[PDB]
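Q: Below you'll find the sequence and an experimental structure to go with it.
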Amino acid sequence: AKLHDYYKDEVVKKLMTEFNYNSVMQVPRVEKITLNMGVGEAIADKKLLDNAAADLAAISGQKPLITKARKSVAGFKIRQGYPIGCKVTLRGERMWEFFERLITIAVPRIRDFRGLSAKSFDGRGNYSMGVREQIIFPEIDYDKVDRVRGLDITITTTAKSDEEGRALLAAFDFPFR
Amino acid sequence: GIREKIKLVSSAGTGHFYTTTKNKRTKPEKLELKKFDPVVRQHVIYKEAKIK
Amino acid sequence: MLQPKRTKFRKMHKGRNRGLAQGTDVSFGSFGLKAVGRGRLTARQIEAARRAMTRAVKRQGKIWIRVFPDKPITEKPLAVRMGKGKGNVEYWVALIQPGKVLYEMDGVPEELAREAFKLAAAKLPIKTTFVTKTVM
Amino acid sequence: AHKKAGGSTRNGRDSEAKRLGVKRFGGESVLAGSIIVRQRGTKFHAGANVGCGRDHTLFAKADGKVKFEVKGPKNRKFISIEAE
RNA sequence: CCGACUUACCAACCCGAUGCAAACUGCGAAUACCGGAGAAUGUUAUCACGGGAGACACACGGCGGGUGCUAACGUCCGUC
RNA sequence: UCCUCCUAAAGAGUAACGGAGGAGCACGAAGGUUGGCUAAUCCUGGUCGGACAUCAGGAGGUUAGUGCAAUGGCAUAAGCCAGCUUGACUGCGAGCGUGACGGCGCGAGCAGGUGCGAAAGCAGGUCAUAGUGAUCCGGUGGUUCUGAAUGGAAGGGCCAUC
RNA sequence: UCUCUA
RNA sequence: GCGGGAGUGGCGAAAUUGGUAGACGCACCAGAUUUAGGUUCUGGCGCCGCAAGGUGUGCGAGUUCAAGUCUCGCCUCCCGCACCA
Ligand SMILES: [Mg+2]
Ligand SMILES: [Mg+2]
Ligand SMILES: [Mg+2]
Ligand SMILES: [Mg+2]
Ligand SMILES: [Mg+2]
Ligand SMILES: [Mg+2]
Ligand SMILES: [Mg+2]
Ligand SMILES: [Mg+2]
Ligand SMILES: [Mg+2]
Ligand SMILES: [Mg+2]
Ligand SMILES: [Mg+2]
Ligand SMILES: [Mg+2]
Ligand SMILES: [Mg+2]
Ligand SMILES: [Mg+2]
Ligand SMILES: [Mg+2]
Ligand SMILES: [Mg+2]
Ligand SMILES: [Mg+2]
Ligand SMILES: [Mg+2]
Ligand SMILES: [Mg+2]
Ligand SMILES: [Mg+2]
Ligand SMILES: [Mg+2]
Ligand SMILES: [Mg+2]
Ligand SMILES: [Mg+2]
Ligand SMILES: [Mg+2]
């Protein structure tokens, strides 16, 4: 709750200043963080899905929800109902604590890290990024793993526009560019 | 017409039986249902037997 | 030759052709060729009258065709008895009621539109007349 | 020699008429259990003292006169039995 | 690598205008049909049961239609 | 032979070697109940990831879905998830529909015993309409109903069923 | 064992 | 005119209940053998294409998550049949 306290004390005062909002409830806030791993290669073996969920459970201390195919497509050789990915929804304190470990540990551990994009805000403030390699989190042991996975992080916030989320993350010193 | 026919014999000692069908390929395990026995006027477990 | 690209069904009842028409006013262009009689116009008759007025205007001006042949017409072959199914689709017609504007034209003078539509109506089985764009 | 004989018609079939419709109209006194409407869907719907069958058949649960009426936001047609 | 621009080969959606449909309907009759009430009229014309049948090859004409060529003293249905 | 639509003329019904399509099953859950949920498609962003997997938001508002053909229905969902389960009960059935008949169908309610639900209540198979075959003959289980002098038995009858 | 032609 | 059947690479030919399409062979190309050619031996080989992928069963739409296989229509070829007066 280190960043939640830092939000409640300094970000709200900052955004109320830099936007001149009538109410404090009009301010943005983060709502959830969704962690998807689309594993399309589990049609070869279930164990690839079963170990990627084990890896993502170490990153965020939750058991992941194994997602399935909404429908059947033949270009990918899948039928409707096959377990095809895994997700984790993060809310509350576990959200803040992961978001701390993200921008403090894992983003610096990116090979050739040079910033994020400010063109990844889905028109309505909600930010989405994708990491190339799961070893940037220190939860994973390097010798113990075998396969380089990848996941994508999706921060869903209550910002109406795109810039109010851009300023919110910049208030959390989020390394755009 | 792969869905063959069977009979559900009362386990109450009576020779009462309901007749019904099943797919013996996909459901190899025996069907056991709790049905009414009009002789005993109780609900008793019936078990799958051959239609014979 | 005009013809629907797709149809939901291949054949149609013979129907009737009673009633007055709906495409009465000159919508788009300035001059029109209005049907007075009743009947059906084939796609050949339509395309021949289009050719006769396109040549009569020397591709000057713009020509609309208000009608479209969407009714399939079956025929039985020669030396075939009256049973054994409905005949094969041979051609396509448009049912024409009185008042239907068949063609429109502008970009040309009135007298030229008169002589073009006269050359076209001489290729059409039904009796026509010449109309102009009326205000209201 | 010449009777080019031939053809057929893949389209000879049709089914039997199920005799659906409204068996008792409005203002028409019925006994309890009398079938009012036989129908596929719920083209009509059951109101007061009117049951809906397995095949969406509307029958009278009581005795009295048939009342057709339109209710609801969807403007659906309800059939009710007035008391008598 | 990005592609620079202009074409005429066009063109999705959307918008406006305009037609068509037996197997289209955000509308919708006339008639017909069912039920109720009320006169007048009609040799109960109505229903039920029982005795005896015949008939189940129809025709044209009108209207609504299918098929055919909106051909047939054609053909198949509905109604008189 | 059966089902769906049109022809079919706004009740029912209505023919042709008229126009078009399907059925001769499936399901022990794809049934019952309680509780909850709500689609197709498209747009933007996003690791492998691509026209099209999974993820987040927005438009949209059922253009989807319904075990299968078509039509009619479906948000109180009849559509989609999970829990518990066997009402895919037995005897009856007022009263109606439909047929020349054989026959087919709907059915509240009654008695018994049951399942879910806190409960009101719901459940006598599946959203409905196709998924089928008379009688005879013969087989199997049950039942003293009968039992050709008498007692049994055979055989027959009745019930279920092939 | 087989082994054509220029 | 009626019905049954088939149409795939340069060629002959396969594929199953719809889960990529070319297995195979012939030919063609190239290599080595040989004084040279043939044979014989090895390796390639549907079309566009940057090495990475795309378009591809007669033609046109449909069906399906997905067709060579399902529909339908058009087409071409083969066969059989086209009778009594
Ligand atoms: Mg003959
Ligand atoms: Mg109509
Ligand atoms: Mg007769
Ligand atoms: Mg007769
Ligand atoms: Mg006669
Ligand atoms: Mg007659
Ligand atoms: Mg007549
Ligand atoms: Mg006629
Ligand atoms: Mg005639
Ligand atoms: Mg006659
Ligand atoms: Mg008639
Ligand atoms: Mg009718
Ligand atoms: Mg009528
Ligand atoms: Mg009509
Ligand atoms: Mg529910
Ligand atoms: Mg995506
Ligand atoms: Mg259900
Ligand atoms: Mg159904
Ligand atoms: Mg016999
Ligand atoms: Mg005895
Ligand atoms: Mg004796
Ligand atoms: Mg020599
Ligand atoms: Mg294949
Ligand atoms: Mg002879």
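A: The structure has been received and is ready for your questions. Residues are numbered from 1 along each chain as shown, chains lettered A, B, ... in the order given. Ligands and ions are numbered 1, 2, ... in the order given.
Q: what number of residues lie near the closest residue to residue C:122 other than its chain neighbours?
A: Closest residue in space to residue C:122, ignoring its immediate chain neighbours: residue C:52 at 7.9 Å, by CB to CB, 6 or more residues apart in numbering or on different chains. Where C-beta positions appear, they are placed from N, C-alpha and C, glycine not excepted. For residue C:52, the neighbour count with other CB atoms under 10 Å in any protein chain shown is 19.
Q: One more: residue C:43?
A: Neighbour number of residue C:43 under other CB under 10 Å is 16.
Q: and if you look at residue D:37?
A: Residue D:37: 24 neighbours (other CB under 10 Å).
Q: Residue A:79 too?
A: Neighbour count of residue A:79, defined by other CB under 10 Å: 12.
Q: who's in contact with residue 70?
A: You didn't say which chain, so I picked chain A. Residues in contact with residue A:70 (CB atoms under 8 Å, 6 or more residues apart in numbering or on different chains) are residue A:80.
Q: nope, chain C please
A: If you count contacts by CB under 8 Å, 6+ apart, residue C:70 has them with C:4, C:92, C:94.
Q: What distance do you get for residue D:56 to chain C?
A: Distance from residue D:56 to chain C, counting by CB to the nearest CB, to the nearest Å: 29 Å.
Q: for residue A:15, same thing?
A: If you go by CB to the nearest CB, the gap between residue A:15 and chain C works out to 58 Å.
Q: From residue A:169, how far off is the nearest residue to that residue once chain neighbours are set aside?
A: Excluding the flanking residues, the one nearest residue A:15 by CB to CB, 6+ apart is residue A:27, at 5.1 Å. For residue A:27, the distance to residue A:169 equals 14 Å [CB to CB, to the nearest Å].
Q: Name the SS class of the residue of chain B most remote from its centre, please.
A: Each residue of chain B has a distance to the centre, and by CA atoms, centre = their mean the biggest one is for residue B:1: 19.6 Å. Under DSSP: H, G, I helix; E, B strand; the rest coil, residue B:1 falls in the coil class.
Q: Over to the one 5 residues further on?
A: In terms of secondary structure, residue B:6 is strand; the call rests on three-state DSSP.
Q: was I right about it contacting residue B:49?
A: Yes - judged on CB atoms under 8 Å, residue B:6 makes contact with residue B:49 at a distance of 6.7 Å.
Q: Counting neighbours, go ahead and name the busier of these two.
A: Ranked by neighbour count (other CB under 10 Å), residue B:6 and residue B:49 place residue B:6 first, with 20 against 13.
Q: Buried ones in the longest helix that chain C contains, by neighbour count?
A: Counting residues, the longest helix found in chain C (DSSP state H) is helix C:43-57. If you call a residue buried by 16 or more other CB atoms under 10 Å in any protein chain shown, then helix C:43-57 has these buried ones: C:43, C:45, C:46, C:49, C:50, C:52, C:53, C:54, C:56, C:57.
Q: That one near RNA strand E anywhere?
A: No - Helix C:43-57 stays clear of RNA strand E (CB under 7 Å from any atom of the strand), getting no nearer than 13.0 Å.
Q: which residues touch that helix?
A: Here helix C:43-57 has contacts from C:1-3, C:63, C:65, C:67, C:69, C:91-94, C:103, C:105, C:107-108, C:112-113, C:115-117, C:119-125, using CB under 8 Å, 6+ apart.
Q: Now a PyMOL select for only the buried ones of those residues.
A: To isolate the buried subset of the contacts of helix C:43-57 in PyMOL, counting by 16+ other CB under 10 Å, use the following:
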select buried, chain C and resi 2+63+67+69+92+93+94+103+105+108+112+113+116+117+120+121+123+124
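Q: What about the contacts of helix C:43-57, which are in strands?
A: C:63, C:65, C:91, C:92, C:93, C:94, C:103, C:105 (DSSP state E).
Q: can you redo these as TSV with distance to residue D:28?
A: Converted to TSV, the ones in strands among the contacts of helix C:43-57 look like this (distance: CB to CB, whole Å):
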residue	distance to residue D:28
C:63	62
C:65	56
C:91	54
C:92	51
C:93	49
C:94	49
C:103	58
C:105	63
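Q: and the two most separated of those?
A: Across those, the longest distance by CB to CB is 26.1 Å; it joins C:91 and C:105.
Q: which one's the longest strand in the chain?
A: Reading this off chain A. Chain A, longest strand under DSSP E: strand A:30-38.
Q: wrong one, I was asking about chain D
A: Every strand in chain D considered (DSSP E), the longest is strand D:64-71.
Q: Next SSE downstream of that one?
A: strand D:76-81 (DSSP states H and E).
Q: Pairing partners for that following strand, with directions?
A: Its sheet considered, strand D:76-81 pairs with strand D:45-46 (parallel), strand D:64-71 (antiparallel) by DSSP bridges.
Q: Out of these, which is the most enclosed?
A: Using mean count of other CB atoms under 10 Å in any protein chain shown, the stretch among those with the largest mean neighbour count is strand D:45-46, at a mean of 20.
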